[PDB]
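# Overview (structure and organization)
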Amino acid sequence: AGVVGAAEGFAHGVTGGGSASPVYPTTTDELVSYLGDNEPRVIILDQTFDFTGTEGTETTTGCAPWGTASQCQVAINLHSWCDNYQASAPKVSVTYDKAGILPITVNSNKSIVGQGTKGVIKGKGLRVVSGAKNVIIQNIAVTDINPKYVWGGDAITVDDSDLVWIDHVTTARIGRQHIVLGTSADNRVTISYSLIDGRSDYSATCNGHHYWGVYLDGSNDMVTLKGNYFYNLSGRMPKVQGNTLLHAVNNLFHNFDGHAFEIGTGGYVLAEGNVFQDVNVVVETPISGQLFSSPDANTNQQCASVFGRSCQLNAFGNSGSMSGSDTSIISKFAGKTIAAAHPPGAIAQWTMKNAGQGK
């Protein structure tokens, strides 16, 4: 088989492995090999690649800054994090699965595609770093990477890249970030129709909601976030800063016992057509970055001169409010491939049945 469809938005010209004849890895070693080699490849995953326990376990130092109850996460003291950022927190002993620490390195020009509902990677994530570019990650699930431990593993990492398309992916039960960009330039990136499942037995907010969602911290980034289902999170969903232009369109934010957006200095967000259902705090205020939340039909017409269409309203149901009208963000899209936006009315229904792996 192969890639289905084309990237919308900023990463529209992504080709990945192109027309290379599809390879079907049979083991975790072959998967790692194909992902890191210097040849363009179209890698088809038709089975579960479980890295859990392949590197054994290690007992090390950590801290418990959010409580000692089983429902809470604890953190590994990676690169002195507990000493520098949580000095007053109790020091604890932690036994983690070693495979989650270092993600699999993904080189340039690759198309990683899952077949049906079988493409699953467990215990170790993926990282597109050091100048690797032109990568397509579609229809796969990356789950179970040291859920109880912060710094025990990130699912998808992008740092120093360009042209990355994450589509129809499902991330769940991860120790720290599901998706993390930066601090180097990531340029054109499109994350679409994916499911960020925040339900976990261990949470930094001790409430079954994941706190480390999507962190956009790149230094020259243009990210299109479209048609995703952000479910059951409590923070960093998404946390935007650095020098990132984020186009958040038609995503469903659902069941957040905490907050969604964290817009810091260098974060420019254009949010339209999203649906917020049962999200306590939509945006943490005060905002240090800039925001155009398509606040009303009249102000939305301002998008017309550069977009060629008006911006779409966001819908709120049993949620906090949001209102930003920084029109200076609209002009940053001039000449760029801008993803289409549908009214918020049918978004929730469709997103639930179409977002994620296997859909």
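- Method of determination for the deposited model, per the PDB record: X-ray crystallography, at 1.7 Å resolution.

### Description of the state of the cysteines
- Scanning the model with the defined rule gives three disulfides in all.
- Across the disulfide, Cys63 is cross-linked to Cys82 (sulfur-sulfur distance 2.0 Å). Between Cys63 and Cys82, the S-S torsion sits near -80°, and that sign places the bridge as left-handed. You can see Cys63 sitting in strand β3 (residues 57-63) and its partner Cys82 sitting in helix α2 (residues 81-85), a full 19 residues away along the chain.
- For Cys63, a relative accessible area of 2% translates into the label buried.
- Two residues share a disulfide in this structure: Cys303 and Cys311, whose sulfurs sit 2.0 Å from each other.

### With respect to the nonpolar core
- Formed by 55 residues in total, the largest nonpolar core has its most connected members in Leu126, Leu246 and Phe261.
- For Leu126, the residues in contact, after removing those within four places along its chain, are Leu35, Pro103, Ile104, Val106, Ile112, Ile121, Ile137, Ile140, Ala155, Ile156 and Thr157.
- Within the second largest apolar cluster, 15 residues are counted, among which are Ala64, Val74, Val94 and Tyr96.

### Focus on the pattern of salt bridges
- Tallied over the full model, the rule gives 13 salt bridges.
- For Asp37, the salt bridge is made with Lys110, and the minimal N-O distance between the two is 2.8 Å. Taken together, the residues span a long stretch of sequence, with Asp37 in the loop between α1 (28-36) and β1 (41-45) and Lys110 in strand β7 (residues 110-114) at a distance of 73 residues.
- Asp37 sits in the buried class, given a relative accessible area of 16%.
- Owing to a relative accessible area of 0%, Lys110 belongs among the buried residues under this scheme.
- For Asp197, the salt bridge is made with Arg199, and the minimal N-O distance between the two is 3.0 Å.
- Using a relative accessible area of 7% as the deciding quantity, one classes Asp197 as buried.
- The network of salt bridges with shared partners includes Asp37, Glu39, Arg41 and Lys110.

### Topic: the layout of surface pockets
- Here the largest pocket defines a volume of roughly 450 Å³.
- Lining the largest pocket are 22 residues, and of these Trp151, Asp154, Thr157, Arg176 and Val180 lie nearest its centre.
- Looking at the lining of the largest pocket, the elements with two or more residues in it are β9 (126-129), β13 (156-159), β16 (179-182) and β19 (214-217).
- Here the lining of the largest pocket takes three residues from β16, the largest share from any one element.
- Taken together, the residues of the lining of the largest pocket break down into 12 nonpolar, four polar and six charged.
- Together, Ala1, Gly2, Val4, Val113, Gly114, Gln115, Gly116, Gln138, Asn139, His168, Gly358 and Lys359 line the second largest pocket.
- Of the residues belonging to the lining of the second largest pocket, the class tally is three nonpolar, eight polar and one charged.

### Quick word on the sheet that holds β3
- A sheet is described by the order of its strands in space; here four strands give the open sequence β5-β3-β4-β12, paired in mixed fashion. Each end of this open sheet is capped by a strand with a single partner; those strands are β5 (91-97) and β12 (149-150).
- Summarising the sheet, β3 and β5 pair through seven bridges and their orientation is antiparallel. Counted as the bridge partner of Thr57 is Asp97 from β5.

### Description of the UniProt feature "active site" in the protein chain
- Mapped onto the present numbering, the UniProt feature "active site" falls at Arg236.
- For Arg236, the position within the fold is in the loop between β21 (229-231) and β22 (239-240).
- A relative accessible area of 15% places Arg236 in the buried class.

### So, the pairing of β13
- By the bridge criterion, four bridges tie β9 to β13 in an arrangement that is parallel. Among the inter-strand pairings, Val129 is bridged to a residue of β13, identified as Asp159.
- Where β13 and β16 come together, three bridges link them in parallel fashion. In the sheet register, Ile156 faces β16, and the bridge partner there is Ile179.

### Quick notes on the UniProt feature "disulfide bond" in the protein chain
- Here the bond UniProt gives for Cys72 and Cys206 holds up, since the two sulfurs are only 2.0 Å apart. Highlighted residues: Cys72 in the loop between β3 and β4 (74-76) and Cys206 in the loop between β18 (195-197) and β19, separated in sequence by 134 residues. Take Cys72 and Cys206: they sit in the same class, and that class is buried.
- For the UniProt disulfide linking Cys303 and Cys311, the S-S separation comes out at 2.0 Å, below the 2.5 Å cut-off, so the bridge is there in this model.

How each quantity is defined
Residues numbered from 1 in each chain as written, not as in the entry; some residues may be left out. Heavy atoms only, no water. Disulfide = S-S within 2.5 Å. Helix = DSSP H or I, 4+ residues; strand = E, 2+ residues; numbered from the N terminus. Buried < 20%, exposed > 50% of the residue type's maximum accessible area, 1.4 Å probe, protein only. Core = buried A, V, L, I, M, F, W, Y, C linked by side-chain atoms within 4.5 Å. Contact = heavy atoms within 4.5 Å. Salt bridge = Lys/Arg side-chain N within 4 Å of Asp/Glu carboxyl O. 1 Å grid on protein atoms, 1.4 Å probe; cavity = no way out; pocket = protein on both sides within 12 Å on 5 of 7 lines; lining within 4 Å. Points joined across faces, edges and corners; volume = space filled by probe spheres on them. Nonpolar A, V, L, I, M, F, W, Y, C, P; charged D, E, K, R; others polar. Pairing = 2+ DSSP bridges. UniProt positions renumbered as here; feature names shortened; annotations may be inferred.

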